[PDB]
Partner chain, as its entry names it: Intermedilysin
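Consider the single chain below, provided in structure tokens and representing the form solved without its partner chain.
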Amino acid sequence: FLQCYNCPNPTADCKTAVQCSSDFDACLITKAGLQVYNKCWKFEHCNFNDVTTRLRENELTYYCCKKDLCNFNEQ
């Protein structure tokens, strides 16, 4: 399994460390203005189309990774 910070909704400091389901193979960090997304995620969805449509954010920056808790905001 992978561990990621995973919060259901964007928050300033998502500190909720989870062991993600077998469904997930990546951790996501996304910054769209000052809302921050941290999620258990899927590498197949690590692109602008899938991140933007799934978060409903237009302009954003994102980073996907596969080491435990690599999901931090300073990333």
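Residue numbers count along the first chain shown, from 1.
Form solved in complex with its partner chain: not shown, discussed below.
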Margin query: With the partner left out here, check for me: in the bound PDB entry, does some heavy atom of residue 20 sit within 4.5 Å of its partner chain?
Written below: no
Check: Is there a heavy atom of residue 14 no more than 4.5 Å from a heavy atom of its partner chain in the bound PDB entry?
Finding: yes
Notebook entry, point to check: Going by heavy atoms, what in 56-75 lies within 4.5 angstroms of its partner chain in the bound PDB entry?
Noted result: 72, 73, 74
